[PDB]
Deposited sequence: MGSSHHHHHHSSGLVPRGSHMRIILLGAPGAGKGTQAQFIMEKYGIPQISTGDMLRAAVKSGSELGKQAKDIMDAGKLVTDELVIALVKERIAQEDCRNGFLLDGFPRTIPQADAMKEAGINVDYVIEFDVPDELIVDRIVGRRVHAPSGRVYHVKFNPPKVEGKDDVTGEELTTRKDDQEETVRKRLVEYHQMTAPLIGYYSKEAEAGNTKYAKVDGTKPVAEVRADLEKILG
């Protein structure tokens, strides 16, 4: 089972990715987690992402396409934050990487900033929380390791605004792209209401999947 999750910054893609991973045994391929990993470990394929991610900008198509091809070689899958541009989507289709399901998370722009201000992460695992809407079982702590949660460098309101602009400029056109793919019989397309509670979005995804 090959799945693409599509949606604005903060739509809840990674939150739902965890549930699909721990159910259908489908590995999460989070380009965002992989680039943050490669920055910390100074890795050749990604270490260059640091200033771009701090700016709220997209990393170059060719770097992430290489990153994804490499990670794919080592495996079903769930693509989370890739593709992010038409040229990334075209690269998957040119390399014959077909998917069974494309799932669009619909969340109004007006929720995103206010949403991401509450985001807390366990960097080592990529588990993510929200201080109000999906809190850890113990305030400030990872549920599994008990380690103090952190705030991502790029989750400052200014950087989120910039990320949401780049999403509408560069990424939102993938909605049309994969809808045409579904129209040609190449994949299933489904939309989920990302404003519902975490639990309901999870059940909506189980109905689709």
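For this chain, the deposited residues without C-alpha positions form the stretches 1-20, 96-99, 234, given in sequence order.
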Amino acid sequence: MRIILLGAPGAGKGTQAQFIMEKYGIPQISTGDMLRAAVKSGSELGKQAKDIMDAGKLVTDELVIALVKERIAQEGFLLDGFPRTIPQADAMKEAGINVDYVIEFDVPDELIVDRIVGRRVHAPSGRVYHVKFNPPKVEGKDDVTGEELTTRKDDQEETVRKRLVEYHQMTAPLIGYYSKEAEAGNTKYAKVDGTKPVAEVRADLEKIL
From here on, numbers count along this sequence of modelled residues.
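The mean C-alpha temperature factor is higher for 197-205 when 5-13 and 197-205 are set side by side. Legend: mean Cα B-factor per stretch from the PDB entry, 157-165 versus 29-37; the higher mean is in 29-37.
The top Cα temperature factor in the record, among 90, 114, 104, 109, falls on 114.
The PDB entry gives the largest Cα B-factor of the residues 171, 179, 48, 151 to 48.
Among all modelled residues in this chain, the alpha-carbon of residue 59 has a temperature factor (C-alpha) in the middle third. Split the chain's modelled residues into thirds by C-alpha temperature factor. Residue 85 is in the lowest one. When the modelled residues of the chain are ordered by C-alpha B-factor, residue 138 sits in the lowest third.
In this PDB entry, the Cα temperature factor of residue 65 sits in the middle third of its chain's modelled residues. In this PDB entry, the Cα temperature factor of residue 144 sits in the middle third of its chain's modelled residues.
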